Every structure is written in C-alpha cells, then in structure tokens.
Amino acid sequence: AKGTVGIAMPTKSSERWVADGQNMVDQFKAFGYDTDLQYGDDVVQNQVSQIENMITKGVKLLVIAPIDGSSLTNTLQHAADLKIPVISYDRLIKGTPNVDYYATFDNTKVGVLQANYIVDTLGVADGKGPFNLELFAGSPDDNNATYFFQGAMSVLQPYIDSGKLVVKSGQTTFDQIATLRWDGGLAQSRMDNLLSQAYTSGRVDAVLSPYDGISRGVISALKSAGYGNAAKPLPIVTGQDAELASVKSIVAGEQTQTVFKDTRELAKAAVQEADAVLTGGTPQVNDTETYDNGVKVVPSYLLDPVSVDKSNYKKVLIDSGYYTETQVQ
C-alpha cells in the first residue's frame, strides 16, 4: 500500500552499486515498499530514461546515484512537479534545487585516509625521502572526485611543498589527473605515459589512486614497465571500495591499500530516511554545511569509511560479514 520507490544506480561495472541496490531493495521491502531498481550501464541517457519512466509510473520517491551529476536537472523538475522527493545517493546531484537529502560516506575523509597511508608507509613525517609520487582523481562529472582529491591533498601538500614527495611528471591539478568514467583502462593508459615519458629514469614510489578500478589499471601499467619483481617492487598503491579483485591483489602483496565503505550501512540509511520523508518525519542529518550542489547546500548524512590493508582485511571485510572467505580468493 506504501507504493514503489525508484532506485537509479549508475552501472554494474563498479561492483559496489550492485550491493547498494540489492541491499536497498531488501531494506525497502522490510519497510513495506516495493522498488524499481535500474542500472544505467554508465550511459547517461539510459539513467535519464529510467528515471523518466519511474516518474511516469508514479514512484513515491527517487533514490538516484548519478552517472553525471549535472545531467538530471530537467528530469528532476518533472519529479518535483509530481511531488516526488529525491534522495541523492553517494554522489551529489548538482545544478538543481530539486534534491531533498544526500546520503553518502565522508568523502573528504576517504581522501585523507588514502594520503595518510602513503605518508605513514613512506615515513616522510620522520624526514625520510625523497620519494616520487603520482596522482589520480575520479571522473570530473562525479562531485565526489574533488572531495577525495582535496582530502588527500590536505595531507600531501606539506610534503610536496617541501620536496619529500615529488610529482615527477608535473601532473598535479585535478584537471590533469582526473579519470573519465573512473575507467581502469584510461587510468592504465595514463600510467603508461607517465612511466614511459616522465620516468625515463628512476621509479615511482607511491600512487594516489582514489578507486580500486583505477588502482588495478595503474598496477597493470606498472607491471608492463617492469615493476613487481624483487629487483623493482611495485610502489604503494591506494584504492577505494574493497572490490574483490583488489582484495585479492592486497592479499597477494600487490595493491597496498583500499577503503571499505559498507554498502549495507548506506542502504540502511537511505531507506530509513526515505521512509522518514514519506511519513512526514525528520530526516537524520549530520552535515548541513559541506555539500553545496551549485544551487543549495543539501542536508546530508555522512557514514564512516575504513582504511584496509593486508594487516586488517580479515577483520574489516570478513569478520564484519561483508565478504565470505572464498569470495575474496
């Protein structure tokens, strides 16, 4: 009787969104809501058409993780004129007043964690160095990308300024380092060029990777450039999402770090607060200042990310029930 909630996820090609979606379906059912769960396959127009259809089919509320944060303005005016509230999921929808609430992880903190891992492992706080560092950011049309990047830079800045970390390629700006569609292939190709053109001599010691798919593409390029043997070890490579292939890589001593974001917790939060919206309640917010979407600062609820390496992967990922033992093998 409570109706159907539309859930518009960006793609299945990054595995977290499959879990975000399924966990929301199950939690919405627990609250008495049907769902229409759709994946855009990273085609902006597929996601737009999916949302348009949800609106015409009379969903009660939309939960949307945008592919392109600025692509939904006309569509969401249609939602607003049908009185369908909008929850922005994980990534912030920009450029429109028609976003009611934003549920995500603390994206600045994700970046801080990634950068801390590099700094702590290299020992630059003790004066060790210098070390060569290269940088990657996420997709320019994902508002989260600048947060991960600026969060990391808050930690890396003093060491880049002092010369203890050196970006040998000179590629330091968000625009230079952003990776379209978070794509591992494009990341690999960029890393290829950094290694062949900027590292004609010497080696890279750390790579700030903001996402596991990028991490694995970077690692492939490094391997093709002769890293990953005893004579020339892989650099430190960070990550995000604890994708299965990256957990396996971490256990193998290849990728060094990732960041765990428990999709069960974000799904639970989005459903709880969707239900609060639909029943005239007060949605839980813990941040009202950060997430300016270009039109307004969207009331937000930020969950906690957790840094993972080989020393704590079992505790964080297996003992928590997120993965089974054989899932990450």
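From 1 onward, residues are counted along the sequence shown.
Practice prompt. Higher average CA B factor in the deposited record is what I'm after, so tell me if that's 70-78 or 152-160.
Written response: Higher mean C-alpha B-factor: 70-78.
Item to complete: Can you let me know which of the two, 31-39 or 282-290, has the higher average C-alpha B-factor in the entry?
Response: Going by the record's values, the stretch with the higher mean is 282-290.
Fill in: Which of 125, 87, 191, 177 ranks first by CA B-factor in the deposited coordinates
Among 125, 87, 191, 177, the highest C-alpha B-factor in the entry belongs to 125.
Worksheet entry | Per the PDB entry, maximal CA B factor within 97, 184, 210, 140 | In the PDB entry, the greatest C-alpha B-factor among 97, 184, 210, 140 is found at 97.
Worksheet entry | Cα B factor band for residue 231 (lowest, middle or highest third within the chain) | As the PDB entry reports it, the C-alpha B-factor of residue 231 lands in the middle third of its chain.
Discussion item. How does the C-alpha B factor of residue 131 compare with the rest of the chain: lowest, middle or highest third?
Written reply: For residue 131, the deposited C-alpha B-factor lands in the lowest third.
Worksheet entry | Ranked C-alpha temperature factor of residue 63 among modelled chain residues, by third | According to the entry, residue 63 has a C-alpha B-factor in the chain's middle third.
Worksheet item: Against its chain's modelled residues, does residue 109's Cα B factor rank lowest, middle or highest third?
Response: Lowest third of the chain for residue 109's C-alpha B-factor.
Discussion item. Could you place residue 261 in the lowest, middle or highest third of its chain by Cα temperature factor, using the values in the record?
Written reply: It falls in the bottom third of the chain.
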